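Taking the form deposited in one PDB entry, here's one chain by itself in structure tokens.
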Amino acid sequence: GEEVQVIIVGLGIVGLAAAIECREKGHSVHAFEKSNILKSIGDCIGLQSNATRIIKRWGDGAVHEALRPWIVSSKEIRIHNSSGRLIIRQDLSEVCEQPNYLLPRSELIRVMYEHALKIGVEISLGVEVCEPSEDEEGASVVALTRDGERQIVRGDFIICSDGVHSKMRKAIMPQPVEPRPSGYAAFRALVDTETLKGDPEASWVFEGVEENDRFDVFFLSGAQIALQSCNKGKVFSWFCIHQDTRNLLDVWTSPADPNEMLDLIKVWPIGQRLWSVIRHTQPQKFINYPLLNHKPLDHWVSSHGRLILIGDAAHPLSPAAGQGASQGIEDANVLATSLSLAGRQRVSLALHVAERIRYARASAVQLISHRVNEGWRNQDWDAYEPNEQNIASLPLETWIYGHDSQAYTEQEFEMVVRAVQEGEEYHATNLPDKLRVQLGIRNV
């Protein structure tokens, strides 16, 4: 009477959620990660209510208590024009009915990493996983260490949560499709809180932040800028979507030129005010990340049903929209629930059930987000003032953030099993009926 043996490749946000979900539900987990995931890198990650619904269950509420300093307290989004005038206050009252988090990525990683070690996930860092294989009875990978040693590692199935540049994707989709550039990029960073404090010209940014997180949006010709705070003003973060036709690589490590941001904003009346804050970004923390459009894959599960791509390995989203991490956490929760309902003798059924629950929903978020940064609702600001028309409603969509993916999986498991095994199409109701046919989403 043994436990299911789960191999996880990659401990970004989704791999760590997968590890915690699987272990909490009684399965044995060996996770593999090639780098030191604890180094501070990136800026802030947003988690909406569909993700925090899931996180709240971890450790009878332990991870939620650890994340409590990061609960979003913004009551509205304040939308401004290039003079800095406040045009519209968009109410966040229903979006914030249930908890949302905003926090540096590395602090999220740390909290999940420590919880995973506490509940008995086995973690191997400094391990590049490659050469996965599978049959009707099990799966294995090669664990390659930095000294060149190879170790074969066997388990019941492999979770590929190895990010947008996934090398495991080959094992499922042989020929790779290249994402299409949108012609837009995003400047983004954390601000150095210590030098931001002590600059009088930037003092305005702290007003109110101890009771209501800042969430200011600024629409300039050629730049859409958002400035947010969190944890009572201990962290400030900003981003700026601008036009960029350069051949930029989509990684989080390359140095950008801060003067490119400055030149873009200083020519409008509100530029000096915004720069008084943004100037306190550390020089080697300026990221300029291209917003690429990834087409949904044809499927996520391998031929023998023992490998599944889940997070950005399955459905990369640009940081522009705000559902990337949240959707990946739903992947881990639906998969772990599916594996629990199906049992150890029905692993391939478990993976195929989870893919059919998640595919159309995740593809719809992915396809809508294309129209957000490759197109968008950006008008001539010489003639129009910004308003809610110009705020990508994706994080404000109740059918995304109100969803309870574990409840759905439990209520629908047997109907999905029936479709898998009878070879019928499963029409999931965890997205709007009109949406699937409108976006051209074909069922797996």
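Just count from 1 along the sequence shown to find any residue number. Whichever C-alpha set is largest while still superposing within 1.5 Å between the two forms counts as the rigid core.
The same protein also exists as the form deposited in another entry; that form is not shown, yet it is the one meant from here on.
Colleague: Superpose on the core and compare between this form and the one not shown; which one of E131, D91, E128, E374 crosses the 2 Å Cα shift mark?
Modeller: Shifted by 2 Å or more: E374 only.
Colleague: Quick one: once the rigid core is lined up, does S40 have its C-alpha move by 2 Å or more between this form and the one not shown?
Modeller: No, the C-alpha moves less than 2 Å.
Colleague: Any chance the CA of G322 moves 2 angstroms or more between this form and the one not shown, core superposed?
Modeller: Result for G322: yes, a 2 Å-plus shift.
Colleague: When the two forms are laid on each other by their rigid core, does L394 show a Cα shift of 2 Å or more between this form and the one not shown?
Modeller: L394 C-alpha, core-superposed: shift of 2 Å or more.
Colleague: Quick one: with a 3 Å or larger change, is the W376 to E397 CA distance smaller or larger in the other form? Answer closer or farther.
Modeller: The answer is farther, because the C-alphas of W376 and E397 separate from each other in the other form by 3 Å or more.
Colleague: Did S393 and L108 drift closer or farther in the other form, going by a CA distance change of 3 angstroms or more?
Modeller: Closer in the other form, by 3 Å or more.
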